[PDB]
file protein-v8.txt (compact mmCIF, N, CA and C atoms and all ligand atoms)
# COMPACT_ATOMS: atom_id res chain seq x y z
N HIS A 3 -49.72 25.12 91.69
CA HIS A 3 -48.34 25.68 91.74
C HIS A 3 -47.33 24.70 92.32
N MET A 4 -47.78 23.43 92.52
CA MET A 4 -46.97 22.34 93.23
C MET A 4 -45.57 22.00 92.69
N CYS A 5 -45.47 22.04 91.39
CA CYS A 5 -44.21 21.81 90.78
C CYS A 5 -43.69 22.96 90.04
N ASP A 6 -44.08 24.18 90.40
CA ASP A 6 -43.75 25.33 89.53
C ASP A 6 -42.33 25.44 89.15
N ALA A 7 -41.48 25.19 90.12
CA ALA A 7 -40.03 25.40 89.93
C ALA A 7 -39.40 24.29 89.09
N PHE A 8 -40.07 23.16 88.88
CA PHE A 8 -39.60 22.10 87.98
C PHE A 8 -40.01 22.34 86.53
N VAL A 9 -41.07 23.10 86.27
CA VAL A 9 -41.61 23.21 84.94
C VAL A 9 -40.60 23.87 84.02
N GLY A 10 -40.51 23.38 82.80
CA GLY A 10 -39.66 23.98 81.81
C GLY A 10 -38.97 22.94 80.95
N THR A 11 -37.98 23.42 80.20
CA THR A 11 -37.18 22.59 79.30
C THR A 11 -35.77 22.63 79.82
N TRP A 12 -35.20 21.47 80.03
CA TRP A 12 -33.94 21.28 80.72
C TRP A 12 -33.02 20.44 79.84
N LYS A 13 -31.73 20.69 79.91
CA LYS A 13 -30.74 19.92 79.14
C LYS A 13 -29.73 19.33 80.08
N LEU A 14 -29.34 18.07 79.86
CA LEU A 14 -28.31 17.42 80.68
C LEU A 14 -26.99 18.13 80.47
N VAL A 15 -26.32 18.52 81.57
CA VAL A 15 -25.00 19.11 81.53
C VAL A 15 -23.93 18.30 82.21
N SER A 16 -24.23 17.40 83.12
CA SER A 16 -23.20 16.54 83.69
C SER A 16 -23.83 15.26 84.17
N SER A 17 -23.02 14.22 84.24
CA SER A 17 -23.41 12.96 84.79
C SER A 17 -22.25 12.33 85.52
N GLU A 18 -22.56 11.63 86.61
CA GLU A 18 -21.57 10.89 87.34
C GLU A 18 -22.14 9.53 87.69
N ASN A 19 -21.34 8.51 87.45
CA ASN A 19 -21.57 7.11 87.83
C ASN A 19 -22.80 6.51 87.19
N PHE A 20 -23.23 7.04 86.04
CA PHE A 20 -24.42 6.51 85.38
C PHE A 20 -24.20 5.12 84.82
N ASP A 21 -23.02 4.82 84.29
CA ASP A 21 -22.78 3.47 83.80
C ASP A 21 -22.95 2.44 84.92
N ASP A 22 -22.36 2.71 86.07
CA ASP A 22 -22.51 1.80 87.20
C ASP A 22 -23.94 1.67 87.70
N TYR A 23 -24.68 2.76 87.69
CA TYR A 23 -26.11 2.71 88.06
C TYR A 23 -26.83 1.77 87.06
N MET A 24 -26.60 1.97 85.78
CA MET A 24 -27.25 1.13 84.81
C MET A 24 -26.84 -0.33 84.91
N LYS A 25 -25.56 -0.61 85.25
CA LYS A 25 -25.16 -1.99 85.46
C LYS A 25 -25.99 -2.58 86.58
N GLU A 26 -26.15 -1.86 87.69
CA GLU A 26 -26.87 -2.37 88.84
C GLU A 26 -28.35 -2.63 88.48
N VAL A 27 -28.93 -1.77 87.65
CA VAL A 27 -30.27 -1.93 87.18
C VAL A 27 -30.46 -3.21 86.36
N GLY A 28 -29.41 -3.63 85.69
CA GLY A 28 -29.43 -4.80 84.84
C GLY A 28 -29.37 -4.48 83.37
N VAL A 29 -28.98 -3.26 83.00
CA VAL A 29 -28.92 -2.87 81.60
C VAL A 29 -27.74 -3.55 80.93
N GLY A 30 -27.97 -4.07 79.72
CA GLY A 30 -26.96 -4.72 78.96
C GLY A 30 -25.93 -3.75 78.36
N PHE A 31 -24.82 -4.32 77.91
CA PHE A 31 -23.68 -3.58 77.45
C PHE A 31 -24.05 -2.55 76.39
N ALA A 32 -24.67 -3.00 75.30
CA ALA A 32 -24.89 -2.06 74.18
C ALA A 32 -25.79 -0.93 74.56
N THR A 33 -26.86 -1.21 75.29
CA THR A 33 -27.74 -0.15 75.73
C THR A 33 -27.01 0.76 76.69
N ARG A 34 -26.18 0.24 77.61
CA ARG A 34 -25.45 1.15 78.46
C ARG A 34 -24.57 2.09 77.68
N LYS A 35 -23.87 1.59 76.66
CA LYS A 35 -22.97 2.44 75.93
C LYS A 35 -23.72 3.54 75.22
N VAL A 36 -24.78 3.21 74.53
CA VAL A 36 -25.51 4.19 73.72
C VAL A 36 -26.31 5.12 74.61
N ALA A 37 -26.96 4.59 75.63
CA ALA A 37 -27.70 5.46 76.56
C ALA A 37 -26.79 6.36 77.33
N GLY A 38 -25.60 5.89 77.67
CA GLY A 38 -24.68 6.70 78.40
C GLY A 38 -24.14 7.91 77.63
N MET A 39 -24.10 7.80 76.30
CA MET A 39 -23.73 8.91 75.43
C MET A 39 -24.77 10.01 75.37
N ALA A 40 -26.04 9.69 75.62
CA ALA A 40 -27.12 10.61 75.33
C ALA A 40 -27.02 11.87 76.20
N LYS A 41 -27.47 12.93 75.62
CA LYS A 41 -27.59 14.24 76.28
C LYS A 41 -29.03 14.65 76.21
N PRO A 42 -29.87 14.08 77.06
CA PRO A 42 -31.31 14.27 76.88
C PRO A 42 -31.76 15.69 77.24
N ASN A 43 -32.86 16.08 76.62
CA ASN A 43 -33.72 17.25 76.92
C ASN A 43 -34.83 16.68 77.83
N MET A 44 -35.10 17.24 79.00
CA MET A 44 -36.22 16.87 79.84
C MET A 44 -37.22 18.03 79.80
N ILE A 45 -38.47 17.76 79.49
CA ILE A 45 -39.50 18.78 79.40
C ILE A 45 -40.54 18.41 80.43
N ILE A 46 -40.72 19.29 81.40
CA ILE A 46 -41.63 19.07 82.50
C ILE A 46 -42.74 20.08 82.41
N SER A 47 -43.99 19.61 82.47
CA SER A 47 -45.14 20.49 82.44
C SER A 47 -46.20 19.99 83.40
N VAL A 48 -47.12 20.88 83.75
CA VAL A 48 -48.19 20.57 84.65
C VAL A 48 -49.48 21.12 84.08
N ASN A 49 -50.54 20.33 84.11
CA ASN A 49 -51.87 20.76 83.67
C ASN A 49 -52.84 20.21 84.71
N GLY A 50 -53.34 21.06 85.57
CA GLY A 50 -54.18 20.61 86.69
C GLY A 50 -53.35 19.76 87.61
N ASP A 51 -53.85 18.56 87.92
CA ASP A 51 -53.13 17.62 88.77
C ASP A 51 -52.19 16.73 87.98
N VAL A 52 -52.14 16.83 86.66
CA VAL A 52 -51.34 15.92 85.87
C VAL A 52 -50.01 16.54 85.54
N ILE A 53 -48.94 15.84 85.94
CA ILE A 53 -47.58 16.21 85.65
C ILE A 53 -47.12 15.36 84.48
N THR A 54 -46.44 15.97 83.51
CA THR A 54 -45.84 15.26 82.39
C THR A 54 -44.35 15.53 82.39
N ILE A 55 -43.57 14.45 82.28
CA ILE A 55 -42.15 14.51 82.10
C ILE A 55 -41.79 13.80 80.81
N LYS A 56 -41.27 14.53 79.85
CA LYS A 56 -40.81 13.99 78.58
C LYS A 56 -39.30 14.03 78.56
N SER A 57 -38.70 13.00 78.03
CA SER A 57 -37.26 13.02 77.79
C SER A 57 -37.02 12.76 76.33
N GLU A 58 -36.31 13.64 75.67
CA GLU A 58 -36.03 13.50 74.24
C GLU A 58 -34.51 13.31 74.09
N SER A 59 -34.09 12.32 73.33
CA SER A 59 -32.66 12.10 73.11
C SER A 59 -32.50 11.42 71.78
N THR A 60 -31.23 11.32 71.39
CA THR A 60 -30.89 10.59 70.18
C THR A 60 -31.16 9.11 70.29
N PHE A 61 -31.22 8.56 71.49
CA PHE A 61 -31.38 7.12 71.65
C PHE A 61 -32.85 6.76 71.72
N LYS A 62 -33.50 7.26 72.74
CA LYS A 62 -34.91 7.01 72.90
C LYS A 62 -35.56 8.25 73.45
N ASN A 63 -36.82 8.43 73.08
CA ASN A 63 -37.71 9.40 73.69
C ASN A 63 -38.67 8.71 74.63
N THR A 64 -38.90 9.28 75.80
CA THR A 64 -39.77 8.71 76.81
C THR A 64 -40.76 9.79 77.22
N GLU A 65 -41.88 9.37 77.76
CA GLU A 65 -42.88 10.29 78.27
C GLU A 65 -43.68 9.60 79.33
N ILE A 66 -43.84 10.27 80.46
CA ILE A 66 -44.74 9.84 81.51
C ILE A 66 -45.63 10.98 81.90
N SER A 67 -46.91 10.65 82.14
CA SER A 67 -47.88 11.56 82.74
C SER A 67 -48.45 10.90 83.95
N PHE A 68 -48.64 11.62 85.04
CA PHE A 68 -49.01 10.98 86.28
C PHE A 68 -49.61 12.03 87.23
N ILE A 69 -50.30 11.49 88.23
CA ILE A 69 -50.79 12.23 89.37
C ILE A 69 -49.98 11.79 90.57
N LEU A 70 -49.57 12.74 91.41
CA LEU A 70 -48.78 12.40 92.56
C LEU A 70 -49.49 11.41 93.46
N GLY A 71 -48.76 10.38 93.86
CA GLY A 71 -49.25 9.34 94.74
C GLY A 71 -50.03 8.23 94.09
N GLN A 72 -50.21 8.27 92.77
CA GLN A 72 -51.07 7.34 92.04
C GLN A 72 -50.24 6.50 91.09
N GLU A 73 -50.12 5.23 91.38
CA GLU A 73 -49.23 4.32 90.64
C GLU A 73 -49.65 4.24 89.18
N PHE A 74 -48.66 4.06 88.32
CA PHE A 74 -48.87 3.95 86.86
C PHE A 74 -47.84 3.01 86.28
N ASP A 75 -48.12 2.68 85.02
CA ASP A 75 -47.23 1.93 84.14
C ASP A 75 -46.29 2.81 83.41
N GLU A 76 -45.02 2.39 83.41
CA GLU A 76 -43.99 3.24 82.70
C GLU A 76 -43.17 2.23 81.88
N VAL A 77 -42.74 2.67 80.69
CA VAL A 77 -41.73 2.01 79.88
C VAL A 77 -40.48 2.89 79.91
N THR A 78 -39.39 2.32 80.44
CA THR A 78 -38.19 3.08 80.64
C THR A 78 -37.35 3.16 79.33
N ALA A 79 -36.33 4.00 79.35
CA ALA A 79 -35.50 4.22 78.12
C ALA A 79 -34.91 2.84 77.67
N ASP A 80 -34.54 2.00 78.64
CA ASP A 80 -33.96 0.67 78.45
C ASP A 80 -35.01 -0.42 78.30
N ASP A 81 -36.27 -0.03 78.17
CA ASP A 81 -37.35 -0.91 77.81
C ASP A 81 -37.75 -1.84 78.96
N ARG A 82 -37.50 -1.45 80.20
CA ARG A 82 -38.15 -2.14 81.34
C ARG A 82 -39.61 -1.72 81.42
N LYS A 83 -40.48 -2.65 81.81
CA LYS A 83 -41.88 -2.41 82.08
C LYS A 83 -42.02 -2.33 83.60
N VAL A 84 -42.20 -1.12 84.12
CA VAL A 84 -42.14 -0.95 85.55
C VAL A 84 -43.48 -0.37 86.08
N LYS A 85 -43.68 -0.55 87.37
CA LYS A 85 -44.80 0.10 88.05
C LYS A 85 -44.20 1.20 88.92
N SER A 86 -44.64 2.43 88.67
CA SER A 86 -44.04 3.62 89.21
C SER A 86 -45.01 4.39 90.06
N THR A 87 -44.48 5.01 91.12
CA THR A 87 -45.25 5.96 91.91
C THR A 87 -44.34 7.13 92.17
N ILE A 88 -44.86 8.34 91.96
CA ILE A 88 -44.12 9.58 92.14
C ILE A 88 -44.88 10.44 93.17
N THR A 89 -44.14 10.90 94.17
CA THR A 89 -44.66 11.74 95.22
C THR A 89 -43.78 12.97 95.36
N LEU A 90 -44.28 13.97 96.07
CA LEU A 90 -43.51 15.15 96.43
C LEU A 90 -43.16 14.97 97.97
N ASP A 91 -41.92 15.04 98.35
CA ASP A 91 -41.52 14.90 99.78
C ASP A 91 -40.66 16.07 100.05
N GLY A 92 -41.15 17.03 100.82
CA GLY A 92 -40.35 18.16 101.11
C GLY A 92 -39.75 18.89 99.91
N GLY A 93 -40.58 19.05 98.93
CA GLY A 93 -40.11 19.77 97.70
C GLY A 93 -39.27 18.97 96.69
N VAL A 94 -39.03 17.69 96.98
CA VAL A 94 -38.29 16.73 96.13
C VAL A 94 -39.29 15.80 95.48
N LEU A 95 -39.20 15.65 94.17
CA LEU A 95 -40.01 14.63 93.50
C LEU A 95 -39.31 13.28 93.70
N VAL A 96 -40.01 12.33 94.25
CA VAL A 96 -39.46 11.00 94.54
C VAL A 96 -40.21 10.00 93.69
N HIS A 97 -39.46 9.30 92.83
CA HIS A 97 -40.01 8.41 91.80
C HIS A 97 -39.48 7.00 92.05
N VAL A 98 -40.35 6.08 92.44
CA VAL A 98 -39.97 4.71 92.69
C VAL A 98 -40.50 3.86 91.58
N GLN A 99 -39.61 3.03 90.99
CA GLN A 99 -39.93 2.08 89.96
C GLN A 99 -39.75 0.67 90.48
N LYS A 100 -40.77 -0.16 90.28
CA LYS A 100 -40.77 -1.54 90.71
C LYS A 100 -40.92 -2.45 89.51
N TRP A 101 -40.09 -3.49 89.43
CA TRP A 101 -40.15 -4.50 88.35
C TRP A 101 -39.39 -5.71 88.75
N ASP A 102 -39.95 -6.89 88.46
CA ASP A 102 -39.20 -8.14 88.63
C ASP A 102 -38.65 -8.30 90.05
N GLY A 103 -39.37 -7.83 91.06
CA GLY A 103 -38.93 -7.88 92.44
C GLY A 103 -37.81 -6.92 92.82
N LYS A 104 -37.45 -6.03 91.88
CA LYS A 104 -36.42 -5.02 92.06
C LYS A 104 -37.07 -3.63 92.27
N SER A 105 -36.27 -2.68 92.72
CA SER A 105 -36.72 -1.31 92.93
C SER A 105 -35.57 -0.36 92.74
N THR A 106 -35.85 0.78 92.10
CA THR A 106 -34.94 1.90 92.01
C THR A 106 -35.70 3.18 92.35
N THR A 107 -35.00 4.13 92.95
CA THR A 107 -35.57 5.42 93.31
C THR A 107 -34.80 6.56 92.64
N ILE A 108 -35.55 7.42 92.01
CA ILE A 108 -35.04 8.59 91.31
C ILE A 108 -35.59 9.82 92.01
N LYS A 109 -34.71 10.67 92.53
CA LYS A 109 -35.10 11.92 93.17
C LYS A 109 -34.73 13.08 92.29
N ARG A 110 -35.64 14.05 92.18
CA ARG A 110 -35.41 15.25 91.34
C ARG A 110 -35.65 16.45 92.24
N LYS A 111 -34.68 17.36 92.24
CA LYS A 111 -34.67 18.51 93.16
C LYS A 111 -34.18 19.73 92.41
N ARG A 112 -34.71 20.89 92.74
CA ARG A 112 -34.17 22.15 92.31
C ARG A 112 -33.10 22.62 93.25
N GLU A 113 -31.92 22.95 92.72
CA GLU A 113 -30.77 23.39 93.52
C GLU A 113 -30.13 24.53 92.72
N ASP A 114 -30.20 25.76 93.23
CA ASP A 114 -29.77 26.91 92.48
C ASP A 114 -30.52 26.93 91.16
N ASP A 115 -29.85 27.14 90.00
CA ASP A 115 -30.51 27.16 88.72
C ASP A 115 -30.56 25.80 88.06
N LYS A 116 -30.24 24.74 88.78
CA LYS A 116 -30.17 23.42 88.22
C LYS A 116 -31.34 22.56 88.70
N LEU A 117 -31.55 21.50 87.94
CA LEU A 117 -32.40 20.39 88.34
C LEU A 117 -31.47 19.21 88.49
N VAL A 118 -31.37 18.70 89.72
CA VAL A 118 -30.45 17.63 90.07
C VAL A 118 -31.22 16.35 90.21
N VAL A 119 -30.79 15.31 89.51
CA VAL A 119 -31.44 14.01 89.47
C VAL A 119 -30.51 12.99 90.12
N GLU A 120 -30.96 12.37 91.19
CA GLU A 120 -30.17 11.36 91.89
C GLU A 120 -30.89 10.03 91.72
N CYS A 121 -30.22 9.06 91.17
CA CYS A 121 -30.76 7.74 90.77
C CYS A 121 -30.08 6.72 91.68
N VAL A 122 -30.81 5.88 92.42
CA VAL A 122 -30.21 4.92 93.32
C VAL A 122 -30.72 3.52 93.02
N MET A 123 -29.80 2.58 92.89
CA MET A 123 -30.10 1.11 92.66
C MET A 123 -29.15 0.36 93.64
N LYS A 124 -29.78 -0.13 94.72
CA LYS A 124 -29.13 -0.68 95.88
C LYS A 124 -28.12 0.28 96.43
N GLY A 125 -26.85 -0.08 96.43
CA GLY A 125 -25.83 0.83 96.94
C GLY A 125 -25.32 1.84 95.92
N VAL A 126 -25.80 1.85 94.68
CA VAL A 126 -25.17 2.71 93.69
C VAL A 126 -26.00 3.92 93.34
N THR A 127 -25.39 5.13 93.43
CA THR A 127 -26.06 6.42 93.10
C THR A 127 -25.39 6.97 91.84
N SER A 128 -26.19 7.48 90.98
CA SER A 128 -25.75 8.35 89.91
C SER A 128 -26.39 9.72 90.10
N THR A 129 -25.60 10.76 89.81
CA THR A 129 -26.08 12.11 89.86
C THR A 129 -25.99 12.73 88.50
N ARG A 130 -27.13 13.25 88.02
CA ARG A 130 -27.28 13.84 86.70
C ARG A 130 -27.78 15.25 86.89
N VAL A 131 -27.10 16.23 86.32
CA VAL A 131 -27.43 17.62 86.50
C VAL A 131 -27.94 18.20 85.20
N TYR A 132 -29.07 18.86 85.25
CA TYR A 132 -29.72 19.55 84.14
C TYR A 132 -29.75 21.05 84.39
N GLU A 133 -29.59 21.82 83.32
CA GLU A 133 -29.74 23.26 83.35
C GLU A 133 -30.84 23.65 82.39
N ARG A 134 -31.37 24.88 82.50
CA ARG A 134 -32.43 25.30 81.61
C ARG A 134 -31.91 25.36 80.22
N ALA A 135 -32.74 24.94 79.28
CA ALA A 135 -32.35 24.88 77.88
C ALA A 135 -32.49 26.22 77.23
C1 LIG B 201 -33.19 8.68 85.77
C2 LIG B 201 -32.77 8.40 84.34
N1 LIG B 201 -32.64 7.08 84.02
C3 LIG B 201 -32.28 6.79 82.74
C4 LIG B 201 -32.05 5.41 82.36
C5 LIG B 201 -31.59 5.16 81.02
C6 LIG B 201 -31.25 3.88 80.60
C7 LIG B 201 -31.41 2.85 81.48
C8 LIG B 201 -31.84 3.05 82.79
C9 LIG B 201 -32.13 4.34 83.22
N2 LIG B 201 -32.08 7.77 81.81
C10 LIG B 201 -32.20 9.08 82.14
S1 LIG B 201 -32.06 10.29 80.95
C11 LIG B 201 -31.99 9.36 79.47
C12 LIG B 201 -33.10 9.33 78.64
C13 LIG B 201 -33.08 8.65 77.42
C14 LIG B 201 -31.94 7.99 77.04
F1 LIG B 201 -31.96 7.38 75.85
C15 LIG B 201 -30.80 8.03 77.83
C16 LIG B 201 -30.83 8.69 79.06
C17 LIG B 201 -32.52 9.45 83.41
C18 LIG B 201 -32.59 10.90 83.74
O1 LIG B 201 -33.54 11.36 84.24
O2 LIG B 201 -31.42 11.56 83.62

call {"tool": "encode", "arguments": {"input": "protein-v8.txt", "output": "structure tokens"}}
result
Amino acid sequence: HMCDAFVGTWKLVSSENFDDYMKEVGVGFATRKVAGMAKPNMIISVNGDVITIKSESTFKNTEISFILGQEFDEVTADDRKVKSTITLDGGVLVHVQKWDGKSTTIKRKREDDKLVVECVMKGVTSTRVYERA
């Protein structure tokens, strides 16, 4: 029952400062423009200890499956090859991606009927809000 409140199908309803977050990450112009337009569907499911997060969009579809605390390989929407670890900290999913000596942290939290995603790359935060689809 660890992620019960995250499970489901979610749709992006708002975004703030995502272009700047992507600039800090190192995303190029064209990918920032097209990725920034996307209105992804996030589908979160749990089967035993394995959590799956799928993102479906017009630009790219992504999928990760993982066990909490156990590092894995991820290919991001912008085609970075990263080493990721996802943990639960006080009811917040905390996702750290490492690549090329860089790091970004993505936090996912339930707040009211929303799933709030906070993405941080050095000093820059983007906040992305999802509602149930
Ligand atoms: C945390 C995050 N990072 C990035 C992301 C995207 C590009 C470069 C770096 C990071 N995208 C998304 S959602 C998304 C999925 C597919 C897509 F084609 C566009 C957006 C999210 C999200 O969870 O809201």

call {"tool": "axis_aligned_box", "arguments": {"input": "protein-v8.txt", "around": "ligand LIG 201 (chain B)", "padding_each_side": "5 Å", "output": "JSON"}}
result
{"center_x": -32.2, "center_y": 7.2, "center_z": 80.8, "size_x": 12.7, "size_y": 18.7, "size_z": 19.9}

call {"tool": "residues_near_point", "arguments": {"input": "protein-v8.txt", "point": "(-52.9, 20.6, 89.6)", "cutoff": "8 Å", "atoms": "all atoms listed in the file", "output": "list in words"}}
result
residues 3, 4, 5, 48, 49, 50, 51, 52 and 53 of chain A

call {"tool": "atom_distance", "arguments": {"input": "protein-v8.txt", "atom1": "atom C of residue A:107", "atom2": "atom C of residue A:88"}}
result
10.8 Å

call {"tool": "select_by_dssp", "arguments": {"input": "protein-v8.txt", "residues": "chain A", "states": "alpha helix (DSSP H)", "output": "PyMOL selection string"}}
result
chain A and resi 20-27+31-39

call {"tool": "closest_atom_pairs", "arguments": {"input": "protein-v8.txt", "of": "chain A", "to": "ligand LIG 201 (chain B)", "cutoff": "8 Å", "atoms": "all atoms listed in the file", "output": "CSV"}}
result
residue,atom,partner,partner_atom,distance
A:14,CA,B:LIG201,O2,7.3
A:23,C,B:LIG201,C8,6.7
A:24,CA,B:LIG201,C8,5.4
A:25,N,B:LIG201,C8,7.7
A:27,CA,B:LIG201,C8,6.8
A:28,N,B:LIG201,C8,7.7
A:29,CA,B:LIG201,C7,6.2
A:30,N,B:LIG201,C7,7.9
A:33,C,B:LIG201,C6,6.6
A:34,CA,B:LIG201,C6,6.8
A:36,C,B:LIG201,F1,6.2
A:37,CA,B:LIG201,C15,4.2
A:38,N,B:LIG201,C15,5.6
A:39,C,B:LIG201,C15,6.8
A:40,CA,B:LIG201,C15,5.1
A:41,N,B:LIG201,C15,6.3
A:42,CA,B:LIG201,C12,5.5
A:43,N,B:LIG201,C12,7.0
A:44,CA,B:LIG201,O1,7.5
A:56,C,B:LIG201,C12,7.8
A:57,CA,B:LIG201,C12,5.6
A:58,C,B:LIG201,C13,5.9
A:59,CA,B:LIG201,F1,5.5
A:60,C,B:LIG201,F1,5.9
A:61,CA,B:LIG201,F1,4.2
A:62,N,B:LIG201,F1,3.5
A:63,N,B:LIG201,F1,5.7
A:64,N,B:LIG201,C13,6.1
A:78,C,B:LIG201,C6,6.3
A:79,C,B:LIG201,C6,4.8
A:80,N,B:LIG201,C6,4.3
A:81,N,B:LIG201,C7,6.5
A:82,N,B:LIG201,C7,7.6
A:107,C,B:LIG201,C1,7.4
A:108,CA,B:LIG201,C1,5.8
A:109,N,B:LIG201,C1,7.2
A:119,CA,B:LIG201,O1,6.2
A:120,C,B:LIG201,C1,6.5
A:121,CA,B:LIG201,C1,5.6
A:122,N,B:LIG201,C1,7.6
A:129,C,B:LIG201,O2,7.4
A:130,CA,B:LIG201,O2,5.6
A:131,N,B:LIG201,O2,6.9
A:132,N,B:LIG201,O2,7.8
